[PDB]
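Peer 1: fold the following and give me the result.
(4 chains)
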Protein chains: 4
Amino acid sequence: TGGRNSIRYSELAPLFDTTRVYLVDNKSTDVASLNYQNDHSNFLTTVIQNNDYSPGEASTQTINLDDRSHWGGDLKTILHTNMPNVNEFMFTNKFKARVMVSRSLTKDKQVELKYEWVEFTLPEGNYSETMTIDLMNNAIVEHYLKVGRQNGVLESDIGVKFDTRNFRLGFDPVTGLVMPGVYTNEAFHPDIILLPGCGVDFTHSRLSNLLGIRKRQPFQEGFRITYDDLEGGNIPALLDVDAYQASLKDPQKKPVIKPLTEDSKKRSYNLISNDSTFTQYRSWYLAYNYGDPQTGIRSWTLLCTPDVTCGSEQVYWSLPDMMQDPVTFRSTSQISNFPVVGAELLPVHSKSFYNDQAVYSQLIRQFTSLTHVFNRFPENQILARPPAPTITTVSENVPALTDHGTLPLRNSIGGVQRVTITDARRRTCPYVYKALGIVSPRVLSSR
Amino acid sequence: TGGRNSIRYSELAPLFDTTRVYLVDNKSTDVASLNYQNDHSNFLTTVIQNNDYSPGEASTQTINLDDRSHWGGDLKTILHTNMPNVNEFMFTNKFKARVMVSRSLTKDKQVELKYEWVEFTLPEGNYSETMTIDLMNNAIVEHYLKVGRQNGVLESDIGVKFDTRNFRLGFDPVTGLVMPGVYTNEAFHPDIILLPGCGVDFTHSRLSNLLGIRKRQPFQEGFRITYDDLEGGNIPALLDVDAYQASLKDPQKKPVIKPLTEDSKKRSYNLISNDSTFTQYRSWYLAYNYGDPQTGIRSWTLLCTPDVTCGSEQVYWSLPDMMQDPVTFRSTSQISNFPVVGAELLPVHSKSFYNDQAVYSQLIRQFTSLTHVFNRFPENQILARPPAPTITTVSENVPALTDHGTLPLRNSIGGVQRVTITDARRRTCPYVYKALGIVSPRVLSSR
Amino acid sequence: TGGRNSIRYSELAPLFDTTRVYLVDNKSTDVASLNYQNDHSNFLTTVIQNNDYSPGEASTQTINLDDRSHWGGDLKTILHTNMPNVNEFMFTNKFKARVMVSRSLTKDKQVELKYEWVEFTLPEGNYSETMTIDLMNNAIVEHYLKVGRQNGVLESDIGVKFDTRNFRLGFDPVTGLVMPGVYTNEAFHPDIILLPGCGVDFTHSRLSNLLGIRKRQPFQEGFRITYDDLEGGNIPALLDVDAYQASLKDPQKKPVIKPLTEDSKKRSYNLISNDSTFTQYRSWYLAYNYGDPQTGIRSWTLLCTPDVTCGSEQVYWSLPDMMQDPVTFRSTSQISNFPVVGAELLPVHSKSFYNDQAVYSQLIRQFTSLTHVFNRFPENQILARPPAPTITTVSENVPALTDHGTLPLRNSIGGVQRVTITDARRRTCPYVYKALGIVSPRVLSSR
Amino acid sequence: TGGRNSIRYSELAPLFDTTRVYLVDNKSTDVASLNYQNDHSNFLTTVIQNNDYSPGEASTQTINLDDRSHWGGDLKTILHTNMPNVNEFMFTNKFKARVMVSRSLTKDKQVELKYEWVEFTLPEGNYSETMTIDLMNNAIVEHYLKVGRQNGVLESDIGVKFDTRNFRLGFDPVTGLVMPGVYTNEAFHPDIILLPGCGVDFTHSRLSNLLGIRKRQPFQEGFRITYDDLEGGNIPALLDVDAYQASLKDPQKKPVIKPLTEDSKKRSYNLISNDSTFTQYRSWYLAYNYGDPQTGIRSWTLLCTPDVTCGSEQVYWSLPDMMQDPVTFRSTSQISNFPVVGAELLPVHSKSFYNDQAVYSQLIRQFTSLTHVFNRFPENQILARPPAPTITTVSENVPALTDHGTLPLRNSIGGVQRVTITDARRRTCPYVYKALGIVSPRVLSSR
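Peer 2: Residues are numbered from 1 along each chain as shown, chains lettered A, B, ... in the order given. Find the structure here:
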């Protein structure tokens, strides 16, 4: 300490031992003159808080930590964002799926079914755990319109659906059917329901996480899940309620065996055989939980909690112009490679709420009335509308009063410092409303 | 340490090493005599806690940290506010918008439409994420009354509305219409719906943030968003439900093509052509998400989360009379420029709650009864009342037991210290109920 | 300090005193090349953050903390999971129970009842405190189908049920009956209802904890709770409401004495004697609270709060390649035995919510309509459906910004470090989405 | 430091400066062999984490902090319980009350009323702030059955009731009656309603706290509150609604004066005189708030918030075999007197929720139907069922990642350490699911 303290500035007098320099964006004189073209995730600040000098002029002056000692500073910071649930940036507004796009009676008498992969995109916005799903199913439909139907494709065969129920609760071990004649609409984890000849890929989307279907060994570029994969676990068919009820008057067999085939407005349930009790529709959930664990999807995939945020990602601070470049970091000027002084999780959590609207809706569509762009197939038990789970989650932004350690810094702090927040991939982050830094230099050793 | 400790006061005896001085407002003797004309964000305190002296008299005595050493103190503080959501101070009670103000059949046979920018103000208060919106729409209407109508202006042409739905979900790729004949009233982010010849400016309001429409490169003074800007993304028209239904009895074309034109009480939906399926009404949301991303508003603007607080802003502490002035700060007496010793976020967070009242209201206006100053156009599908989003947020004030570092201080602490909290712009902050400071001096080095 | 600081790297220059090395998974170059076959709970990272070298090549270079001093580093870490409530791993998807599996009129005229232990498994997923229970009861039934019934077993005798009410509130001290003729369906802690000749074992399941029935002295391998154990505390029988009401017209005794025997669709309530007011059904809750405290189950067991998480378990960090092996730990290469540097609770908490759906359901099954795979015996007052408790809990995953102490480390940190999170049993943990480590070395003493 | 660091173990090599020893229960080898008969609140752990030695054998070896220095360690700990709201241990399942137990027409023509104190106990479980109350009222009734009634006691005179409303809101200053003819059933703090000749004592129960009736000077063993105490503040009588309404047809006085006397099924409201407007029933709340503050109960008692937990109690850690015994503590082997190294609040908080079920119930008993063991006197306005308060609280268990200071420890840490958590009264605590300790020794001074 002794002669090694002195923290000096132009003529303003000697200050001794730790003090405080401030890194702030909202500083009025600065904005107008320096970071006009920049944004909160990468700006310039005048660290000289002296009322009498131009910002430019200040950019000349310097804070001089005494030369005789290696100094260090404590970096506390206040980060506050407002990034939405889904958006193009975090890759939560896109997802490739393969659907039916054409159905025509080929040239002889046999038929043709051609499928294709299409990328559907969501309208940017902050959503629910559910409404997001819905938005996806809708985006599937919206396509069936611009193309599908108008090419021999019947809703009775739309290839992909994201629902949320255990399509085999009512199932009866012997009858081979969902006895109650209705797939019990309770919510049990996001799922994926496919059809023959199609599937979905998330290779470039974090939405996967929203669903909660994670790859059992992630570091494998690529995420395709198709029909052939979902093996063992095709949605069993609903038993014919009426045929059964209507019977019992007059070897003497009963109406049981009759597995419903279609529903009001005659929508095909595409059953494998005119025999088998299983429909062609295949569910991930079903597969994972019910089909061979050592071979099924239960093998290469993992069932887990949703998380609307789509994945806690972190950000990296960098104060290139004011702090020594940590161990192996190379010093540069390429914004997308500055040295990093602190890492921290991007300020987003998921609040959970109890859903009353769970059942309230089961007592309104039972009393017929209009429909949403979401339940375009009310009377279908499958292309219906996935049941709203009790307890929805919602991505919520929150101020993060974080605190990075104490770092080594240069002894000639420039009048104008540059602040820069970066993300995992290394790029500014548009969704930053406020960055604030406080540094407290203090002597560490001697030269 | 050795001889350098001694913390002395008048005759009261030697105290050794760190101790504690207290900065408090609620001290009874003080109020009456010193900070009568002041407020919690800028007051005087007698730091001498000795029962026997006048406050004035005390203002003479002094706490003497030993001279032989440079001292420092730990500053912990308790800040507690109660600022409301919207108010004149934080600029959340004003916002300029351009509306229709006159409609008369000009002199020949052509017509005249004159528009003007008017500033509408809200009644101060703490609101919801939604009710705030509503308050704004109302403030638009309230003006249409004092002026608009009584000058040939028909509600059928009120220029600005802040709603919250995706005005194009039911849309059908081929019919060019919102098939279900009703814009599906689900909430998906605050939006702005304009008309020809008008728009809104937030150049001087944080309400922008409440809506969640942020400028893609903020440091640009000025925020005007007009009709011409919202290009591509005019609300499509609702299909005529009846015309279509009523048909199908008797080349042989159907009632489809007929896009509704007006609604019960015949309110014009102002459609571009007697042809086109698009109404003149333009939505921001629509633009951002559906119209050309490289040219549309999606370009210069950014879609993001609401935040009722309107923007986490920070405050600055200053204890001019008791702590050495940090690095570059100049020493002065101009309250609005004192040195700063600590920065901290203004004590306001946003709590979120689940909205049951989301639908409950869809089952009460379907069963006709009175109206609120909010739904003055129930039968309009557009000037209706934006759907209440599930999950509302509410600005909430909370005590902040913060802790600034350890700062260097003078060795002659005056009997009367001055505390001062300031905001980003540098001015006291009326909404401060309690400020409390605790300082713990302790030796740092030697002189 | 003096000459002992120097933190050196290849030619990049001398860095002095503490700095920062980063342990991160999401690093792009790494994934592709090193931890392809690994997962977030056990991966490799290149700690050399220098843009110009291959990952392989980097794996050569080294960070050299000065040789002359023993160094130490501060290890802060960010752990984030997403493990579900029930699953095969945490042993929350299995549980052995003993049920009736056969009922036939033995060879002479006496009868035969054979029982057996069967393991039932749940569909993996994240559940409620209740719906979990339900899932279990269902899993009991689902078995009764594949076997039970089709072998002379009548629902009127299914052996195990997990309910949640105090089966003896209405009870009248003299009549020896539940007067109101209905077991008051309010929820009061998970319970277990058995029948003669059967029981349940949790010897290999944490579900026990979900129920909240803990063994009074845990370190005893084995958890079997059978009929004979639940002594004193057999569910009293419901009084015959009608017999009583229908009477009172004409020594002159009343219809009281008549304890109902069966319910609509005549389901036997299996009463011990045609006399006794007690049914053969026995409840844990009842036992614990009402039967002899010094002998009953109240003795060897303990009644306590549920907790959906099934048990706060912890995890162990290990950074074998970068930090000295703590006191007694042996140095090795067997992943399942690495040295441990930090322990921390596995990131899972239980959020609680208020249940409105508590009663809403009592006003819908009173108005007859379909049934769930859950209430297959609506008209039974016992095999009914346990009442939903107000205030349900739900396992929720949360990011854990933890902080382990400051640890001693090697002075030759390898270009490639290995991170490894382990659980109590010592094995990687599939449910880890993100692990992040920040180390801040700093001199501790001298060599 | 210099030669004073060395932390040694058998042959495993020299470790220098702070390191980490771990105190864990869930360690597999340990359980089976050492703490078989123990529980989580008092167990043994092998601190030697070396894979190759028996636990017994390990119990021999020792960690040797260097001899030349006095060492200290940082003790961080993870405590997690699951204790329920009410239970026998925390004394929340018992409470003495004095009730009517006999009513017979004495030998001459005068009568006899004998009262007695009885202890009622609750069924153990975790409850609500309310349902607990209810459980108590029920427990009062349940007794009236086994004894009361069957001895001339009419419900019309059951002595104690725990309700929750201000029995005198409708009251009219002149008529001396609760005009609306109904005690306005809104909830305003737990209360106690007594009758002549009886009362309640909490001398041995924390339930008092649940009610929120605390003794104004606690350190006084004993808590009896009887009739004679509740002076001034007898529940006023409800005005006869009908008598009044039915009148007004024909000095000419009105039906006012008539204070109802009994209710449907003629239950006596026991009014002092055939005159006075006051019933014999006395309320604590009433007393405290309305009767003489300098003499009434308002004097020796204190009205305050409920708190379901019944009282934040703390626990004491003790690591007898590994840390020096703090200042005045005597060293011993009596588990219930070990030295204490850290104190901490027993991990229980009270979550609050908003009650919709507040009114929902006022619109179901107004539409007659069955009754609960709770509202056995629906038509009574007094023995009714206390109104459910909006905002109920619920005891909730939570993991407590606490941190005790840095303590002095022995330099010869035994292979097997003993952990022990104790409560205020000094006894193990059955409700402990997990205890975890991490110690970080580090040199403090020299010998």
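Peer 1: mind listing the helices in the stretch 101-250 of chain A by residue range?
Peer 2: Taking DSSP state H, counting those that start in this stretch to define them, one finds helices in the stretch 101-250 of chain A at A:129-143, A:207-211, A:241-246.
Peer 1: which of those helices sits closest to residue C:339?
Peer 2: Residue C:339 sits nearest to helix A:207-211 of all those, at 32.3 Å, using CB to CB. Bear in mind the C-beta positions are built from the backbone N, C-alpha and C, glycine included.
Peer 1: run the chain-centre distance for that closest one.
Peer 2: 6 Å (CA atoms, centre = their mean, to the nearest Å).
Peer 1: name the residues that touch it?
Peer 2: Residues from elsewhere that reach helix A:207-211 (CB atoms under 8 Å, 6 or more residues apart in numbering or on different chains): A:86, A:92, A:95, A:129, A:132-133, A:136, A:162, A:190-192, A:202, A:214-215, A:223, A:306-308, A:310-311, C:433.
Peer 1: show me what contacts residue A:386?
Peer 2: A:130, A:133, A:134, A:137, A:162, A:163, A:164, A:165, A:187.
Peer 1: now list the buried members of those.
Peer 2: A:130, A:133, A:134, A:137, A:162, A:163, A:164, A:165, A:187 (16 or more other CB atoms under 10 Å in any protein chain shown).
Peer 1: so the second one is in contact with residue A:189, correct?
Peer 2: No - look at residue A:133 against residue A:189 with CB atoms under 8 Å: they stay out of range, at 11.2 Å.
Peer 1: so what's the spatially most central residue of chain A up against?
Peer 2: For chain A, residue A:310 is the residue whose C-alpha lies nearest the centre (CA atoms, centre = their mean; 2.7 Å). Neighbouring residues of residue A:310 by CB under 8 Å, 6+ apart: A:85, A:86, A:90, A:92, A:206, A:207, A:209, A:210.
Peer 1: which non-adjacent residue is nearest it?
Peer 2: residue A:206 (3.9 Å; CB to CB, 6 or more residues apart in numbering or on different chains).
Peer 1: how close does that neighbour get to chain B?
Peer 2: Counting by CB to the nearest CB, to the nearest Å, the gap from residue A:206 to chain B is 17 Å.
Peer 1: okay but that residue is in contact with residue A:312, surely?
Peer 2: No - using CB under 8 Å, residue A:206 is not in contact with residue A:312, being 10.8 Å away.
Peer 1: of the two, which one has the most company?
Peer 2: residue A:312 (23 against 19; other CB atoms under 10 Å in any protein chain shown).
Peer 1: right, and that one touches residue A:347 too?
Peer 2: No - using CB under 8 Å as the test, residue A:312 is too far from residue A:347 to be in contact (10.2 Å).
Peer 1: can you say which of the helices of the stretch 101-250 of chain A is nearest to residue A:46?
Peer 2: helix A:207-211 (41.2 Å).
Peer 1: count of neighbours near the nearest residue to residue A:268 once chain neighbours are set aside?
Peer 2: Distances taken as CB to CB, 6+ apart put residue A:156 closest to residue A:268, at 4.1 Å, once the chain neighbours are dropped. For residue A:156, the neighbour count with other CB under 10 Å is 16.
Peer 1: residue A:26 now?
Peer 2: Neighbour tally, residue A:26, other CB under 10 Å: 17.
Peer 1: my guess is it meets residue B:218, correct?
Peer 2: No - counting by CB under 8 Å, residue A:26 stays clear of residue B:218, with 10.2 Å between them.
Peer 1: on that earlier part again, what about the contacts of helix A:207-211, which are in strands?
Peer 2: A:95, A:214, A:215, C:433 (DSSP state E).
Peer 1: for the residue nearest to residue A:310, give me its contacts.
Peer 2: A:90, A:91, A:92, A:310, A:311.
Peer 1: tell me how far it lies from residue B:58.
Peer 2: 62 Å (CB to CB, to the nearest Å).
Peer 1: what of residue A:120?
Peer 2: With CB to CB as the criterion, residue A:120 and residue B:58 are 73 Å apart.
Peer 1: run a quick neighbour tally on the closest residue to chain B within the stretch 301-447 of chain A.
Peer 2: When distances are taken as CB to the nearest CB, the stretch 301-447 of chain A reaches nearest to chain B at residue A:353, 3.8 Å away. As a burial measure, residue A:353 scores 19 neighbours (other CB under 10 Å).
Peer 1: does residue A:336 count as helix, strand or coil?
Peer 2: Secondary structure assignment for residue A:336 (DSSP: H, G, I helix; E, B strand; the rest coil): helix.
Peer 1: double-check it against residue A:422; I have them as touching.
Peer 2: Yes - between residue A:336 and residue A:422 there is a contact under CB under 8 Å: 7.3 Å.
Peer 1: the more surrounded of these two?
Peer 2: residue A:422 (22 against 12).
Peer 1: give the contact list for the more buried one.
Peer 2: Shown in contact with residue A:422 (CB under 8 Å, 6+ apart): A:41, A:315, A:316, A:318, A:336, A:338, A:340, A:428, A:429.
Peer 1: so which of the residues you listed belong to strands?
Peer 2: Short answer: the contacts of residue A:422 in strands (DSSP E) are A:315, A:316.
Peer 1: hmm, which of the contacts of residue A:422 are the buried ones?
Peer 2: Burial by neighbour count, 16+ other CB under 10 Å: within the contacts of residue A:422 this picks out A:41, A:315, A:316, A:318, A:338, A:340, A:428, A:429.
Peer 1: any idea how far the first one is from residue C:98?
Peer 2: Going back to what we said before, that points to residue A:41. Distance from residue A:41 to residue C:98, counting by CB to CB: 62 Å.
Peer 1: list the contacts of residue A:171.
Peer 2: Neighbours of residue A:171 in contact, by CB under 8 Å, 6+ apart: A:177, A:178, A:179, A:236.
Peer 1: and for residue A:229?
Peer 2: Contact partners of residue A:229, counting by CB under 8 Å, 6+ apart, are A:199, A:287, A:297.
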